[PDB]
Amino acid sequence: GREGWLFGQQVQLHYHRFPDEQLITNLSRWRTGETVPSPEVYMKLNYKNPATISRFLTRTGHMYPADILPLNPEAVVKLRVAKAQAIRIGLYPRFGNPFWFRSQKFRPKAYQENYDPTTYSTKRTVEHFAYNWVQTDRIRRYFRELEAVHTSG
Amino acid sequence: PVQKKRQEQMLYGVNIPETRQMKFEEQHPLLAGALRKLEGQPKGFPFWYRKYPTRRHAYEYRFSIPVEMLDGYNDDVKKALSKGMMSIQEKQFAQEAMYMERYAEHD
Amino acid sequence: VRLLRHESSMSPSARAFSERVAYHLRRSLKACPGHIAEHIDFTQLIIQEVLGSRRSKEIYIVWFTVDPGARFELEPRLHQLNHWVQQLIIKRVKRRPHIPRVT
Amino acid sequence: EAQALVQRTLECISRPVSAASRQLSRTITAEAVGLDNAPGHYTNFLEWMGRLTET
Amino acid sequence: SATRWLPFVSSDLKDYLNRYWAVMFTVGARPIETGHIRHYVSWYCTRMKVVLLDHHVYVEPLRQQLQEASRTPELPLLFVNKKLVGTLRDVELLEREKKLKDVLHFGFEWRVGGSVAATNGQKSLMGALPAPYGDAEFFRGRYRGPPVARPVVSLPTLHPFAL
Amino acid sequence: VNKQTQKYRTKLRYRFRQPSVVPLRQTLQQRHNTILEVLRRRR
Amino acid sequence: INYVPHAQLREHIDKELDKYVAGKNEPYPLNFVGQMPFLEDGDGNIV
Amino acid sequence: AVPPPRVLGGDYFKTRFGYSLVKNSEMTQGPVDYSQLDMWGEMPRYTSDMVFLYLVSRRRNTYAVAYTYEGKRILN
Amino acid sequence: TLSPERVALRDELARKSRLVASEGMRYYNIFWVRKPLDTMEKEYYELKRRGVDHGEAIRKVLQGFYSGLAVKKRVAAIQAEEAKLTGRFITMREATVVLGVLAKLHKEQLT
Amino acid sequence: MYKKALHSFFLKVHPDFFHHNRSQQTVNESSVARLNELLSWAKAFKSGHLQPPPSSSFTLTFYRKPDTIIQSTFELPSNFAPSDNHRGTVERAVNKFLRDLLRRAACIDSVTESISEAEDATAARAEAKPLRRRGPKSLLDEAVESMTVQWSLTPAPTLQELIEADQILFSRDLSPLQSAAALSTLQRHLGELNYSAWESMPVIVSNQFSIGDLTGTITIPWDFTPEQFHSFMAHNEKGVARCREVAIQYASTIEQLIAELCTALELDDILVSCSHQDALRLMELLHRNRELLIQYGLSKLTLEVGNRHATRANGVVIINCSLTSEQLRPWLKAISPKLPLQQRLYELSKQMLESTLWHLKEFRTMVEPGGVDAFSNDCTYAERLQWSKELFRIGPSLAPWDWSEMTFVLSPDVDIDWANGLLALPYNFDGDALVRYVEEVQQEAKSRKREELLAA
Amino acid sequence: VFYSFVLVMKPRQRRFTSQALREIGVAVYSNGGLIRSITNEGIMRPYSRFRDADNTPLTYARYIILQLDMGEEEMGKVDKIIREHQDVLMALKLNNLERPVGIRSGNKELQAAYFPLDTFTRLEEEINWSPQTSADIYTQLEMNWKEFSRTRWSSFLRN
C-alpha cells in the first residue's frame, strides 16, 4: 500500500505525558549547570486576561482573606484594577467566577468525593507496560508494512 | 521620596546606577527592558552633551530630550514629543526651568 | 443535648436577640469566607431556629440537613464559622446583651 | 560467640557476674544520655550503674 | 507600627521554619485532621501558624519540599522548632505518651525509656530496677496485677471523627 | 478620616483582635483530674 | 511605531473592519482577550 | 476509592444509560478557525427540554414555580 | 554552583535552543544534547576571545547548533532507513514492544 | 593568577574545536583524560591518601590551531615513594609539567612561569631546612577547577538513554536472550572500559565481527571479554574513523542540496522514503533542472520521495527515485494542472494542523490530563480537528476533576477504562453526554460515601 | 503609548461604524493629536448587556482598541466626544500607561526608580499582554525564525 507512512512513523515505548517534556528536562538540567515573581503573571494581570484575574478570586468572584491567599502588594492592586476594568466593559461578570475550576490545583478524582494528598506521590511511570488496544493494531499494521517492504525491497 | 522625585526631575541619570539596572528593572525585567534588539542606526557618542548638563536646559521636548537626539526619526515621533504632548508636571517643570534659566548662579 | 428550651422559658430580650440572629444568619449565609464556602454544600443546609440564654451569653443555632448522610459533609465546615457568626453579630446586630459563644 | 565469651571471662575474674547491664540497655537508650559515637563509654557506664544497683 | 502590615509568603520551607515556632501546612479538602491539631496545640496555649495550601502561589515548591522533610505525602504536617513532628498519627502519640507538652512549649521530645500513660495513681518506678539474672517469666506465682476488664462487643461510636 | 474609613477601621479592629488568653478551662481540667485521683485513690 | 496619517485613516478603518469577514482563505487572528469573536459578512450583519 | 467498571463500546453504552455518546446527526462542517468558547464554560449543561423548578421557602409560606428553558412561566 | 555570567549565558542559550529544537525542528527524541550545548558554549567563548559582538556570536552559534541538529537528524534517518530496508536489524524499542504485544495476545488467549 | 593562562590553554587544545580532523580530536580526548586523571591523583596526593599513579613518566600530545603539535613529557623522580617526604616534591613535578605544557603553547607570559619556577625553588629550599609559619590557589588547584567547572568533557551517555536513542540495535537471529546477555552484563559493568570517542558509534549485535554494514554503525556479536573489544578497536581504528567521517560527509552533502532546493524552489522541506543513494541521483537531477521547475508551476510544495509515482491528499507530491531527464518533461507536463490543487490542499492541511495543535495544547493547559493522542489513527484532518475542538469545548466542564492518570485517545469506538488509564473517544462524540457520565460517577460516589457514613 | 481607549460600540451596519470611527479620528486629528493605532476586535458577547439610548439591552457588542498621543486638554475634548457618542456604550480611559500600576501606591522607595520611556516607547500590547502573548513570541522575532520553522511539519504530513 503506502511506503512513506512506515518511514515516517516511529515506534515509541511510552508516548509521553505531553510530547515536549524530555527535551525540556534535559535543557533545564543543562541550564542549571548541575552534573546529572513570575515573569508572565504581572504582565497578564490586566483586563484582557479573565483567567489570571479568576485564579486569585473565590467562587463568587470576590476576594480571599489575606491569611488564605497572600500575595505581592502590587499584584493585589493589579488584580483589583483588572477585575474592575474587565467588569466595566463587560469582559467579566459583576457576580461569579467563570474560570474557577480551571485554577484549582487540588482537584479530586471523578470517582472520589474529596482530594487526598497521597495522590501526589504516585509517580506512575508505567512499570508494567500497559499497552492499549488502540496501539496494538497500529503496531501490527506497522510490522505488516515492514514485512511488505521486506518482501518487495 | 519627595527628594528623589525632585532629583529625578532635575538631574538626568540619577536613577541609573553603575550596574545600569534600575530598581524597577531588577524585579520587572519584561516590563522595563527592551523587547526587540535592533541592529540599526546606532547614534554613537553625543558630542553636543556640553549644552545640556541638567534637565532644566532642555524643556522644549518631552522627557527632557534635546533636539540633537531627534534627527533620524520621522515627523510623527517628533510631534509626539513636542510641547503640545507634554503632561501637566512637565509643563510645570518647564515653567520652573524658565526662571531657573534666568536666576541661577551656576548650572 | 436531651431537650430544647422553649421560647416561653427564655427572656423576651433573648427572643428578640435570637430573632435578629436568625434574620442575619439566614440573610447572609452565602457571605461567608470563600475558602469555607467552596466546600459547603448549601443545597442541604437548613437553619431551623436560634435559641439563647436569658442574658445571651451563649447562642445555640439549631440546624439539620435534608439528607442525613450529607450531615457529616456539612458538620466540620459549619464549625469553622463561629468567629464569622460572632463578627456578624458585632457588625449587623445592635443592642446585644453579650457577645455570645456560638454553638 | 567467642568474643561474647571473652567479655564474660574478664568480668567474672574481677567480680561475680551480674546480669544488670543488659536490662539497663533496654530502659536507658544511648541517645537519651548523649553517647551515640562512644559505645565503649556507654557500656562502661552500664556496668558501673548495674553493679551499683545490686548493693 | 513602623511598617505597613503585609501577609508573609515565601517559596522556601525553611523560611517558614525560621519565622514561626509552630507551622502547619494543611489542605482545604481535609478539614477533620487539621481540626484535631488545632485542638491539641491550642490546649497547650501555643501560637500556631496554619498555612492552607489550597490557593497558594508556591504550591509546587512547597509540595516538593514537604516531601523531603517528611517522607510521607500526608497533610497536615506539624513543624515545631525547625523540626518535623508529623501527621495526626505522630501528634496523638505524643499526647498519649504525655510528650506533646514539652514538644510544643520547649521544642524537644523526651527520650526517657518507659511509658507514663499506663500509671496507677502517682508515678514511681515500682520494679524498674534490673533483676538479677533475668527470669521474669519463670516465676509462675509472680504478682500479675489487678484484674483487667475487656468489652464483649464494641459500642457504637458517636461520630466517625469523635476519637 | 471620613465615615467610610472610620467604619472600615472599626470593622478591621473587631475582625483582627488579639484576645486575652487566660488558661481557665485547663486549670479546671487539672482540678477535675486531681479530684478524680483523690476520689479514686481514697474513699 | 507605524502611526496612521490623516490621509490613510479611512482606508485603515475599512481594512480593520474587514478583519473578520465570512469568506476568507486565511486563518483569523485571536482578539486582545484571546478569544475568537463572531464572524460577520458585508454590511455588518452577524452570522 | 474503587474505580467504576469499564465500557468497551458505545452500542451497548446507549442501552446502559438514557443517552448516547456518538451523535447520529452527522454534522458536516469545515470550520478551520478556532472555535468560540462559551462565557460560562464551567456550568451545568442545560439542554433545551429541561424545566427549572424554583422552590422558595419562608417561615410561613413555601412557593413553587416552574419555568422553561427560555424563561416562560409554565404554571402560576 | 555556577558563575553568574555563565548563568545568564546558559539561560539565553537554553531559551533560544528550546524554540529551535521543539517548535523549529519538531525533534523530540534527540540524543546526547550535552555535547551540542557544550560545543556552542565553547564556540561562544572562542568568539568572545576575539570579541566580535554579543548578538552576532549567538546567531553564529545558533546556526552551528541548527546545522549539528540537522546533521544528527539526517544520520538517524539514514540509519533507520537502512535498518528498515534490509529487514535484518531491529531496535530495542521494537523488541520490547513486540514482546509486550505478544504477551497481551497471550493474555487474550488466556481469556 | 593562572586563570587566564589555563583558560587560553583549554581554549586552544580542546577537542571540541577540532572537527576537521577526527584523529587529532581523539588524541586530544585521550590527552585531556590523562591530564584529568593526573591532576586527580595529584589532588589525592595533597589530600592525604596516596595511591600509585597509572603512569609515572609519559609524553602527552596535544594539537593546536594556527588561527602545531605540542608534545610534553612528564617525568618522576627515581626515588618515588608513597611516604610523606615525597608528597611535596611531586607537586613541583606536576607544576613543572603543567608549566612545560604552558610554555610550548605560547599562551602564557615568561614572568608567571618564572614566578612558578621561583615558587618551586623556594619549596625545594624550604623542604630541606625546616621553618615555621602561622589564600590564592596555585597552578594545580586553579587547573582542577578550570577543568571541572568550565572545560570538562561531556560525560559518557548511559545505556538507558541509549535505549530510547535508537542507537542500540540488534539482529534477532541470535536470540532475544543472547541479545539480553550481550547487553545487560556487558554494558553495565563494562561501559567504563569503553572509550568516550567511541560513544558516537551506534551499536548493532549480529553474527560476525566487523566494523560496519550500515552507515556509521558498528556491530558486535555474542558475549565478549572487554579486552577482546579493546583489541578489536585497537586493530581497525582507521576504518571506524573513516566510516564516521564518510557518514558525516554523506549527511552534509545531502543537506546542502536539500537547503539549496528549499531556498531555490521556495519550499519548506524534502521528504525521503527510499535509499539515499537512489535519492541523490534525483536530487542532483533536480539541481541540474532547477530553472525548469521555476518555469513550471512547481513551487512552495514539500516534496516526498517514494517508489510509486503518486500525490497525497494533504498537499505533498511523491516523486520516484529512478527517473531520467527525457522522462522528466512528460512527468512535469502530466501533473502540471494538479499543482494549484496540491498548493491549496497543502495550505489547508497546514492551517488544520496548527488549529488542532492549538486546541490540543489548550486542552492540555485547561484540563491537565495524563496525555492526549489524536495522531494514532489514520483519519482525515477534519476528524482530528473536530475531535480536538470537541475536547476543547468540554474543557471547562471536565475542570473540577484531575485526569492525570487517564489518556485521552482518538478511536473508532469509545473505550472508557477506569482501572487502566484509557479514555478512547470517536471523532463525533457528544461532549455533554460525557459530562453527564462523569457527573453520574460523581453522584454515585457521593451516594456511596453518604450510605457508608450513615451505615456506621 | 500616551492614551488608550477600549470602545464598546453597538453592532450597527458597516457604514455607521465607519462614520463613527471617522468622526473620532477627525476629532483626534483636528485637535492636533496623533493616532498610534486603531484595531477592530470583532463582535463578541459580553457578560453584561449594555443599554443604548432607547434603553434596549444589547446582547452583542464590538470592541475597538484605540491608541493615541494627545495633549491633556485635547484628550479631555476627545473623551467628552467619545463618551457622549450614540454608538459608544462604554469606553474606559487607560491613563496608567506611562507609569506602571503599583508604583505610586506601592513602595515609597520604588517611586522615582522607574523609567517612563520604557513604557512610553512601546505599544499597549507590549504593556498589557494578551493570553496568546509570551516571551517566546518576542524571542522568535530576533532568532531568524524563517530558516528554523521550515522543518516543523516534517512528521505530520506522512500520517
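Provided above is the structure to which this section pertains.
Residues numbered from 1 in each chain as written, not as in the entry; some residues may be left out. Chains lettered and ligands numbered in written order. Part of a larger assembly, values for the part shown. Heavy atoms only, no water. Residues with missing side-chain atoms left out of burial classes, pairs and counts.

*Asks:* I'd like a rundown of the nonpolar core, residues and numbers included.
*Replies:* Core analysis: the biggest nonpolar cluster contains 62 residues, and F9(J), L35(J), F62(J), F74(J) and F97(J) have the highest contact counts within it. The contacts of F74(J), once residues within four sequence positions are left out, are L38(J), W41(J), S55(J), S56(J), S57(J), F58(J), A93(J), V94(J) and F97(J). (Core = buried A, V, L, I, M, F, W, Y, C linked by side-chain atoms within 4.5 Å. Buried < 20%, exposed > 50% of the residue type's maximum accessible area, 1.4 Å probe, protein only. Contact = heavy atoms within 4.5 Å.)

*Asks:* Outline the pattern of salt bridges, listing residues and values.
*Replies:* Using the criterion set out here, one finds 57 salt bridges over all chains in the structure. In this structure, the salt-bridge partner of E75(C) is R71(C), at a minimum N-O distance of 2.8 Å. Pair noted here: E75(C) and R71(C) are both in helix 3 (residues 71-78), with a separation of four residues, about one helical turn. Judged by its relative accessible area of 9%, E75(C) is buried. Where salt bridges share partners, they join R2(A), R138(A), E145(A) and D378(J) into one cluster. (Salt bridge = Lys/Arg side-chain N within 4 Å of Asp/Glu carboxyl O. Helix = DSSP H or I, 4+ residues; strand = E, 2+ residues; numbered from the N terminus.)

*Asks:* So what's going on with the sheet that holds strand 2 (residues 34-44) of chain K? Residues and values would help.
*Replies:* Residues and elements named next belong to chain K. One open sheet accounts for four strands, arranged 2-5-1-6; its pairing is antiparallel. Taken across any chain shown, the strands that pair with only one partner, and hence form the sheet edges, are strand 2 and strand 6 (88-94). Between one strand and the next, the sheet's axes are offset by a mean angle of 15°, whatever the strand orientation. Looking at chain direction, strand 1 (residues 3-9) and strand 6 are connected through six bridges and run antiparallel. Looking across to strand 6, one finds that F5 is bridged to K93. Where helix 2 (residues 72-83) meets the sheet, its contacts fall on strand 1, strand 5 (61-69) and strand 6, and the angle it forms with strand 1 comes to roughly 5°. (Pairing = 2+ DSSP bridges. Axes fitted to C-alpha atoms, helices over the stretch in contact; angles between N-to-C directions.)

*Asks:* Lay out the sheet that holds strand 12 (residues 415-417) of chain J in plain terms, naming residues and giving numbers.
*Replies:* Residues and elements named next belong to chain J. The mixed open sheet is built from four strands, whose spatial order is 10-11-13-12. The sheet is open, and its two edges are formed by strand 10 (369-373) and strand 12, each paired on a single side. Averaged over all pairs of adjacent strands, the angle between strand axes in this sheet comes to 15°, irrespective of strand direction. As paired elements, strand 10 and strand 11 (residues 403-410) share four bridges and run parallel to each other. The residue bridging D373 from the neighbouring strand is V409, located in strand 11. Seen against the sheet, helix 14 (residues 381-393) touches strand 10, strand 11 and strand 13 (422-425) and runs at an angle of roughly 150° to strand 11.

*Asks:* Describe helix 3 (residues 59-69) of chain E, with residues and values.
*Replies:* One turn of the α-helix equals 3.6 residues, which is why residues spaced by three or four share an orientation. Buried residues of helix 3 of chain E: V59(E), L62(E), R63(E), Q65(E), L66(E) and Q67(E), and no others. Next to the buried residues of helix 3 of chain E lie helix 1 (13-17), strand 1 (22-26) and strand 3 (77-80) of chain E.

*Asks:* If you had to explain the interface of chain J and chain I to someone new, which residues and values would you point to?
*Replies:* Reports of interface size often rely on the accessible area that becomes lost once the parts have come together. If you look at the interface, chain J gives 49 residues, while chain I gives 34 residues. Contact between chain J and chain I buries roughly 3900 Å² in total, counting both sides, with carbon and sulfur atoms accounting for 60%. Across the contact surface, chain J and chain I share three salt bridges. A salt bridge links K42(I) to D16(J); the shortest N-O distance between them is 2.6 Å. Between the two partners, chain J and chain I, sit 15 residue pairs in polar contact. Mapped by element, the contributors of at least two residues to the side of chain J that touches chain I are helix 1 (3-12), helix 6 (159-163), strand 3 (169-170), helix 7 (176-187) and helix 9 (237-264) of chain J. Sorting elements by how many residues they give to the side of chain J that touches chain I places helix 9 of chain J first, with six residues. Partitioned by chemical class, the residues of the side of chain J that touches chain I number 25 nonpolar, 15 polar and nine charged. (Buried area = accessible area lost by both parts, 1.4 Å probe. Polar contact = N/O pair within 3.5 Å; in protein donor to acceptor, adjacent residues only side chain to side chain. Nonpolar A, V, L, I, M, F, W, Y, C, P; charged D, E, K, R; others polar.)

*Asks:* A description of the packing of aromatic side chains should follow, citing residues and the corresponding values.
*Replies:* For the structure on display, the rule yields 53 aromatic pairs over all chains. Their ring planes at 85° and their centres at 5.8 Å tell us that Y111(A) and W418(J) sit as a pair that is edge-to-face. With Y111(A) in the loop between helix 4 (73-88) and helix 5 (133-152) and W418(J) in the loop between strand 12 and strand 13, the pair connects residues from two separate chains. On the accessibility criterion, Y111(A) (16% relative accessible area) is buried. Residues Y44(I) and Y45(I) carry aromatic rings whose centres are separated by 6.3 Å and whose planes lie at 70° to one another, so their mutual orientation is edge-to-face. (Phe/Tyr/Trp six-rings, centres within 6.5 Å; stacked < 30°, edge-to-face > 60°.)

*Asks:* A description of the interface of chain B and chain K should follow, citing residues and the corresponding values.
*Replies:* Across the boundary between the two partners, chain B contributes 30 residues, which contact 30 residues of chain K. Buried area between chain B and chain K, both sides added, is near 2700 Å², and the carbon and sulfur share of it is 65%. When the buried surface of chain B facing chain K is broken down by residue, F24(B), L35(B) and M85(B) rank first, second and third, together holding 22% of it. If you look at where chain B meets chain K, you find two salt bridges. Across the pair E142(K) and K37(B) runs a salt bridge whose closest N-O atoms are separated by 3.6 Å. Remark: the boundary between chain B and chain K carries seven residue pairs in polar contact. At the level of elements, helix 1 (2-10), helix 2 (29-32) and helix 3 (75-80) of chain B are the ones that each hand at least two residues to the side of chain B that touches chain K.

*Asks:* Describe empty space enclosed by the protein, and please don't skip the residues or the numbers.
*Replies:* Residue and element names in this part refer to chain J. In this structure, the largest cavity occupies an estimated 160 Å³ of space. Of all the elements in the fold, those that place two or more residues in the lining of the largest cavity are helix 10 (276-288), strand 7 (303-306) and helix 12 (328-334). The greatest single-element share of the lining of the largest cavity, amounting to four residues, is contributed by helix 10. There is about 120 Å³ of room inside the second largest cavity. In this structure, the second largest cavity is lined by 13 residues; those nearest its centre are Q187, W198, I220, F224 and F229. Broken down by secondary-structure element, the contributors of at least two residues to the lining of the second largest cavity are helix 7, strand 5 (218-219) and helix 8 (226-233). (1 Å grid on protein atoms, 1.4 Å probe; cavity = no way out; pocket = protein on both sides within 12 Å on 5 of 7 lines; lining within 4 Å. Points joined across faces, edges and corners; volume = space filled by probe spheres on them.)

*Asks:* Explain a positive patch on the surface residue by residue, including any values.
*Replies:* A cluster of basic residues, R27(C), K91(C), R92(C), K3(F), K7(F), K11(F) and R15(F), forms a positive patch on the protein surface. Listing elements by their share of the positive patch, those giving two or more residues are helix 4 (82-92) of chain C together with helix 1 (3-15) of chain F. With respect to the secondary-structure elements, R15(F) resides in helix 1. Under the relative-accessibility criterion, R15(F) is labelled partly exposed at 42%. (Patch = residues over 30% accessible without salt bridge, like charges linked within 9 Å, V, L, I, M, F, W, Y side chains within 5 Å. Areas by Shrake-Rupley, 256 points an atom, 1.4 Å probe, with all protein chains shown as cover. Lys, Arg positive; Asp, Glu negative; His and termini not counted. Charge placed at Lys NZ, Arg CZ, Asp CG, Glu CD.)

*Asks:* How would you explain the arrangement of the chains if you had to name every residue and give the values?
*Replies:* The top pair by number of contacts, from a total of 26 pairs of chains in contact, is chains I and J. The two units chain G and chain I remain apart, with a minimum C-alpha distance of 19 Å. Between chain D and chain K there is no contact, and the shortest C-alpha to C-alpha separation is 51 Å.

*Asks:* Residues and numbers for the environment of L348(J), please.
*Replies:* The topology assignment puts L348(J) in helix 13 (residues 339-367). Its relative accessible area of 38% is what places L348(J) among the partly exposed residues.

*Asks:* Now, about the packing of helix 1 (residues 4-24) of chain I against helix 3 (residues 55-86) of chain I: what can you tell me, with residues and values included?
*Replies:* All names here are of chain I. Across the interface, helix 1 lies against helix 3 with an axial gap of 11 Å and an inter-helix angle of 40°. Relative to helix 3, the element helix 1 lies oblique. Helix-helix and strand crossings are classified by hand; for helix 1 and helix 3 the assignment is right-handed. Residues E12, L13, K16, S17, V20 and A21 of helix 1 form the contact with helix 3, whose participating residues are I58, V61, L62, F65 and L69. Residue composition of the contact of helix 1 with helix 3, by class: eight nonpolar, one polar and two charged. (Parallel < 35°, antiparallel > 145°, perpendicular 65-115°, else oblique. Left-handed = near helix turned anticlockwise from the far one by under 90°.)

*Asks:* Tell me about the side chain of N428(J), and please be specific about residues and values.
*Replies:* Along the chain, the position of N428(J) falls in the loop between strand 13 and helix 15 (431-455). Aside from chain neighbours lying at most four places away, what touches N428(J) is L21(H), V22(H), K23(H), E26(H) and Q386(J).

*Asks:* Got a sec to walk through the state of the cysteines? Specific residues and values, please.
*Replies:* Enumeration over the complete set of coordinates arrives at zero disulfides over all chains. There is no disulfide at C321(J), and the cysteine sulfur nearest it, in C274(J), is 4.5 Å away. (Disulfide = S-S within 2.5 Å.)

*Asks:* Describe a nonpolar patch on the surface, listing the residues and the values that go with them.
*Replies:* Residue and element names in this part refer to chain E. On the surface, a nonpolar cluster with roughly 390 Å² of combined accessible area is contributed by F106, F108, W110 and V112. Turning to its location among the elements, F108 is positioned in the segment after helix 5 (100-106). On the basis of relative accessibility, which here comes to 32%, the residue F108 falls in the partly exposed class.

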